[PDB]
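Inside the fold
Listed below are the residues making up each chain.
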Amino acid sequence: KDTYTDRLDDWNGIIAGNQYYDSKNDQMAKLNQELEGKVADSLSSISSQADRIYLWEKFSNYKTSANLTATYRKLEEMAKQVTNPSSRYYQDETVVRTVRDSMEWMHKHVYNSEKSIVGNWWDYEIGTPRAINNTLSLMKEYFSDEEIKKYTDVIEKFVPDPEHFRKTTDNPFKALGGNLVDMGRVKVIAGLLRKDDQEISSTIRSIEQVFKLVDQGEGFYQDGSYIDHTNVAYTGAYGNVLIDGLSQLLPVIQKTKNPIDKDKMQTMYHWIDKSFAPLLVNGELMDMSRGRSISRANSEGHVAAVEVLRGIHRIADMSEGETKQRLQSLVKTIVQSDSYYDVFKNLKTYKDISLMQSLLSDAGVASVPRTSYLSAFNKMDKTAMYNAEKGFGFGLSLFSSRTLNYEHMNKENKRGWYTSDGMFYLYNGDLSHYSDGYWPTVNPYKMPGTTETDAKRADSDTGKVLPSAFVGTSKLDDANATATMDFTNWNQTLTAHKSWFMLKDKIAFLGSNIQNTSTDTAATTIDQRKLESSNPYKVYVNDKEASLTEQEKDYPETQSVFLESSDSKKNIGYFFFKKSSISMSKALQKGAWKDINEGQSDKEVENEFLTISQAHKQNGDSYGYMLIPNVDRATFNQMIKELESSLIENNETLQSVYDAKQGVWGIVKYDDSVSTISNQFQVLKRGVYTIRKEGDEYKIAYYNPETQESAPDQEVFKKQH
């Protein structure tokens, strides 16, 4: 036909890739079989109506916008198979007719220009229009140009401006990040289908906004943070949509008369290296970066990670030289380190499957275990740490006056109340920990690391920002950093100076100034670990075996707790600097995904959890312990003796832990008094510090979380360096 019907061909190769199909290819045949089964179900359950109310009973209530998108996606599945030579539906007369009669019908009484958004705007402007674009693209040899223009003006009615969404509503918003990328998959393809040049250029120019790093608002930040929905850490969900969708569009865009400058797209590599990579541990995308998507059963950590990985892979493929090879190695080593999830379970096109196969089988592409790293995403109040020597990852989830604690919208993530109240994540040998129904079965009132009262919480509640701006991380190097959070709970009845000292192979948890003005009981959850019936833990308290029961058991004067597995890479030890009174229990916890997400299954799920907590019955209370993972019992026992005097201070103004082996100090000052540390030096300013002694020299890493700035050494450190 023309150049539009050239770009659409390339698009078809990206979103379906029928030209790359090979029935002798194991993985490809699997996806093909999945699509065959989907189309069969659709064709057989579709109402062979003399014009009935709906096309599919499962998606009957057209008041629920979700049913529109779900309906059109079914037709896209048909378009993919009708154009797949190896499909039983290849060029099938009934299938070709169904897709047509279905477009006309939906276009008649459901989705048209004379209609208005009912329910979720996303389905009317993004979900449905994408499905329509793809269907018409794949089956453009069966549809009339006029027919194409006809079924597409509705998209022009609801989405006429490439810079704003919800245009037809009484409250539109400027498209940025993920949503803006989807604006391209909506208007760039629709523009190619309607052969609309003004639509193409205008949309491409608008998309370029995505390559700009911001220092406020939504988008990618220089420090790697990614913000969306005004002030929510969202690299792992909306960031995913951004890289996933943009990597699909680029090959087509660069072939149009409106290609994007190579220097503008250079930022993509910054996102990959600074924003995405740090959040991927053993093939899992850290949940603290995925917002409300953690409440979706079909999108657990390892599945979500593939959205990012396939995007990075596509980008590597369009890159060249060392950039291509290095990105290939990144994808390769991450996928190969994931012994739990089969990456192919989330590669939904033949080209993506093909790309991954050649990459994994190419001896020329290096696959070396990733090195240690520590990312302080201060712009979104999250911290990611990874130790390659011992093999564990650590995620610190916070929020401040600058960010929302948790997102609960569209009936999703109803119980994520405390997922950012100083919650921590440990990624060890159990790659399945936060998967297999962790989210619908975890006790939402006892999120690990959080200090809270036992007051009941409402599902209808929504997120909030923190009163204080004193929340941040001071990173010294790839293995050492210090963080703090001037904590106040949701209803201002409890406070706590919570601090963390990341010291290479362990993390110290310090809490002071714990006060409670309510009638509710206060306690800190040391941990709530999901267990594996296959890898049982042998629990030790003060180095003596203890048998945990479903009923809580109190352990006063506890100096240590050790969770012993057959696999040392799953061991977890907790050393209490000062003998503390804790309680522990191991119980089966049941729940359904619907409990935390209305649109999910109400099917019962259950998991066993080991809960450790410390009650705070008095004002001025505190806690202090060292988390030591991936070491055996004897080694753990040896380490706590080494850490005997590691606690320097833990009060209302000063908190500090010292690693004598490393010669590193972690320090948090809540005021500007002169603090003398280990009779060696003095720290003089409110803020966060991570210091290292190398001979008579001192390496200083200072961070003022409120002003988001460091400071000259002489202003904060004494006894220049």
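X-ray crystallography is the method the PDB entry states for this structure, with the resolution given as 1.56 Å.

Let us look at the packing of aromatic side chains. Applying the stated criterion across every chain, the model contains 40 aromatic pairs. Plain terms: the ring middles of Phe394 and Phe509 are 6.2 Å apart, the flat faces sit at 90° to each other, and that makes the pair edge-to-face. Taken together, the residues span a long stretch of sequence, with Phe394 in strand β10 (residues 392-397) and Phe509 in strand β16 (residues 507-516) at a distance of 115 residues. With relative accessibility at 1%, the residue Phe394 sits in the buried group. With a centroid separation of 5.7 Å and 75° between ring planes, the pair formed by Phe575 and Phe577 is classed as edge-to-face. A residue is classified by how much of its surface remains accessible, and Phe575, at 2% relative accessible area, is buried.

As summarised here, the arrangement of the four strands in space is β8-β9-β10-β11, forming an open sheet in which the pairing is antiparallel. In this open sheet, the two strands that pair with only one neighbour each are β8 (373-377) and β11 (423-427). The mean inter-strand angle of the sheet, taken between neighbouring strand axes irrespective of direction, is 10°. The pairing of strand β9 (residues 382-387) with β10 spans six bridges and is classified as antiparallel. Looking at β10, one finds that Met385 is bridged to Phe394.

Positive phi, normally seen in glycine, also occurs at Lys195, with a value near 50°. Checked against the element boundaries, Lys195 lands in the loop between α7 (177-193) and α8 (197-207). A residue is classified by how much of its surface remains accessible, and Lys195, at 26% relative accessible area, is partly exposed. If you check the backbone angles, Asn679 has positive phi at about 50° while not being a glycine. With respect to the helices and strands, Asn679 occurs in the loop between β27 (675-677) and β28 (681-683).

For the rest of this paragraph, the subject is the UniProt feature "active site" in the protein. Summarizing the sequence annotation, UniProt attributes the feature "active site" to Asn179, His229 and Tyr238 in the numbering used throughout. Despite a sequence span of 60 residues, these residues sit close together in the fold, their greatest C-alpha distance being 10.4 Å. With respect to the helices and strands, the residue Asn179 is situated in helix α7. By relative accessible area, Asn179 is classed as buried at 7%.

Considering all chains together, one arrives at 46 salt bridges under this definition. The partner of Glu199 in a salt bridge is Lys187, with the nearest N and O atoms 3.1 Å apart. Note that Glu199 is positioned in helix α8 and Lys187 in helix α7, a separation of twelve residues in sequence. For the pair formed by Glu199 and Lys187, the shared burial category is buried. In this structure, the salt-bridge partner of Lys506 is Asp659, at a minimum N-O distance of 2.8 Å. Taken as a pair, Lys506 in the loop between β15 (494-503) and β16 and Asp659 in strand β25 (residues 654-659) lie far apart in primary sequence, 153 residues in all. Of the residues examined, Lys506 reaches a relative accessible area of 4% and is grouped as buried.

Within the secondary structure, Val181 is located in helix α7. Exposure remark for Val181: the relative accessible area of 0% places this residue in the buried category. With near-sequence residues (within four places) excluded, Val181 lies in contact with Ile207, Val210, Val241, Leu242, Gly245, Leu246 and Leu249.

Take the pairing of strand β30 (residues 697-703) next. Taking burial as the measure, the seven residues of β30 include five buried ones, the bulk of the element. For strand β29 (residues 687-694) and β30, the ladder comprises seven bridges, and the chain directions are antiparallel. Looking at the pairing, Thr690 lines up with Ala701 of β30. Joining the antiparallel neighbours β29 and β30 is a turn of two residues, in which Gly695 adopts a positive phi near 80°.

Turning our eyes to something else, we now look at the pairing of strand β18 (residues 538-541). In this structure, β18 lies alongside strand β20 (residues 553-564), joined through four bridges in antiparallel fashion. Directly across from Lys538, in β20, lies its bridge partner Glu564. Taken together, the two bridges between β18 and strand β19 (residues 544-545) define a ladder with antiparallel strand orientation. Bridging from a neighbouring strand, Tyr540 pairs with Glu545 of β19. In this antiparallel pair of consecutive strands, β18 and β19, the connection spans two residues, and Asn542 shows a positive phi of 60°.

Here is what the cut-offs are and how they apply
- Residues numbered from 1 in each chain as written, not as in the entry; some residues may be left out.
- Heavy atoms only, no water.
- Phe/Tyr/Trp six-rings, centres within 6.5 Å; stacked < 30°, edge-to-face > 60°.
- Helix = DSSP H or I, 4+ residues; strand = E, 2+ residues; numbered from the N terminus.
- Buried < 20%, exposed > 50% of the residue type's maximum accessible area, 1.4 Å probe, protein only.
- Pairing = 2+ DSSP bridges.
- Axes fitted to C-alpha atoms, helices over the stretch in contact; angles between N-to-C directions.
- UniProt positions renumbered as here; feature names shortened; annotations may be inferred.
- Salt bridge = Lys/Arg side-chain N within 4 Å of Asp/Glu carboxyl O.
- Contact = heavy atoms within 4.5 Å.

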